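Only one chain is shown below, in structure tokens, and it's the form deposited in one PDB entry.
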């Protein structure tokens, strides 16, 4: 009965010349996200929500860019290590919900693939992982296609 909630936010710039990787899925698009590794905005937000629910700080405190252990680590490896640390701190994950905000491309065809990657990385049943997607109605840098945002919420319980 010792439930805890966590919330996560991430954003990355979207420009020509890089791949678009969201939720572990490479998506064909004229632009891609800029960041240290694969720049997976959705997995970063979920990771931060999980560290937050466990009150373990955040993704920057756990996985520094200079650390040799995570030099070439992609964001799924980081999500899996996050989950291991959350479990070791005594918490079981109960569910994850999230939103991707991107003016383009359409993300609906890729939701089930993202959910399957996230559930596998968290060792969760598929029906405890949700990903939602929407545009920003052409408003702001998101609406002009200059960035993509992800939001995440996670519920855990201390066991």
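Numbering follows the first chain given and starts at 1. Shifts are known only where both forms have a C-alpha. We call the rigid core whatever largest set of C-alpha positions still superposes within 1.5 Å between the two forms.
Beyond the structure shown, there is the form deposited in another entry, which is absent from this document and is the topic of what follows.
task: Can you spot, among 127, 112, 67, 123, the one with a CA shift of 2 Å or more between the shown form and the other one after core superposition?
output: Meeting the 2 Å or more criterion is only 67.
- request: Classify the change in Cα distance between residue 67 and residue 36 in the other form as closer or farther, relative to the shown form (magnitude of 3 Å or more).
  value: Note: Cα gap between residue 67 and residue 36 shrinks in the other form.
query: Closer or farther apart in the other form, the C-alpha atoms of residue 69 and residue 54, for a change of 3 Å or more?
result: Distance between the C-alphas of residue 69 and residue 54: longer in the other form, by 3 Å or more.
task: Kindly list the runs, ordered along the sequence, of 3+ consecutive residues whose C-alpha shifts are all 2 Å or more between the shown form and the other one once the two forms are aligned on their core.
output: When the rigid core is held fixed, residues 65-73 make up the only run that shifts.
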